[PDB]
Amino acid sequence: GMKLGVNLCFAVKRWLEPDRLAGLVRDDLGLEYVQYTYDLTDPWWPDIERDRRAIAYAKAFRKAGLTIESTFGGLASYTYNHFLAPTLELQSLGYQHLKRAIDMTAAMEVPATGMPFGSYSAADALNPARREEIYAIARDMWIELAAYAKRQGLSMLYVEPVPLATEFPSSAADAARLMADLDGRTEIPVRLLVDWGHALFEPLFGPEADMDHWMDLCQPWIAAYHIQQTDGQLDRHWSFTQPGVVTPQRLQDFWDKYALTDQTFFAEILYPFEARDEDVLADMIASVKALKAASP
C-alpha cells in the first residue's frame, strides 16, 4: 500500500536514547521511513555537541535498518518568524537558522531538510507591498541556501505551506508561485512538503480545503507529505485512533489515485506534554495499525 513514515515529533522529550528510539520505530511501530525533527536537536546549539547527538541518532537509525529521508523543522523553530520577519536582521536570523539546520543535516548524512517558510507580523500581514518586499529578500535567501546546501552535499530542500493568511505559502496558489519563483534558480531542487491537516483547514480554504486542489495547482512539486487526523477546524495533529476527516482509506485512495511512489506519507502526530509516555506509545502503535489496515 501507501508508503508510510513517521516524523519523530511524537517522541519529543520522551524516548531520547538513540538506540531505544530506533528500536521503538522499528519494533513497536513497524515503520522504516523516518523524518527527524529539529525538536530533538536544536540547529542553534553549538555545533560540536549538537552534531555529536544528531550523528548518534543517524547511526542508531542506520544500524536498526531505518532510513532517515529528511530532517524538518518542528515547534521550537516554528515559534519564530524567520524569513518573513519584519526586520532584515530577523530575516537574517532565519537564514542562519536554516544554514545551521543544513549543517546538522549534513552531519547526519541525510539528503534533505525543510521547514515552513516563515511568518509576517500582524501589521505586515495586512500590507501587500510590505509582504512582497519581505518575500523578495526571503526568496533570494533560499536561492543562496540551496547553493550552500548543495556544497554541504544535500540533494533537496522543502517548504511546508501553512493554514495561516499571515504566513506564506498558505494556499495551493501561493505554493505554486513559490515553486515557480525558485524553479531553475536553485542549485538543488526546492520542493513542497504538504501537510494534510494544513491543506484541509476549512476556516481559511473553504471549498478549496481539498487535496485534489493541491494536486491541480501543485502536483509536480509535492515531494513528501505529513499525515494526521483532523476535523478540519484547527491543525489538530491527532493520531489515527481518533475520529475525523482523514480516514486511512481516504489516504490510501489518494495514494492510488495519483500513482504515488516515493512521496512518503510521514505521520506527524502531536501529544500534549502532560500525556503519559505509556499512553502515547500505545496510541502511536494503534494509530499505525489503523493506517496499515487500509485496502490498496
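Don't overthink the numbering: it's just position in the shown sequence, from 1.
Novice: On mean C-alpha B-factor from the PDB entry, just flag whether 143 to 151 or 206 to 214 is the higher one.
Specialist: Between 143 to 151 and 206 to 214, it is 206 to 214.
Novice: Using only C-alpha atoms and the B-factors in the entry, which stretch averages higher, 183 to 191 or 94 to 102?
Specialist: According to the entry, 183 to 191 carries the higher average C-alpha B-factor.
Novice: Highest Cα B-factor in the PDB entry belongs to which of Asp51, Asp39, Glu268, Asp253?
Specialist: In this record, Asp253 carries the highest C-alpha B-factor of the candidates.
Novice: Should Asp47 be placed in the lowest, middle or highest third of its chain by the C-alpha B factor in the entry?
Specialist: According to the entry, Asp47 has a C-alpha B-factor in the chain's lowest third.
Novice: Thinking about Cα B factors across the chain, which third does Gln35 belong to?
Specialist: For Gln35, the deposited C-alpha B-factor lands in the lowest third.
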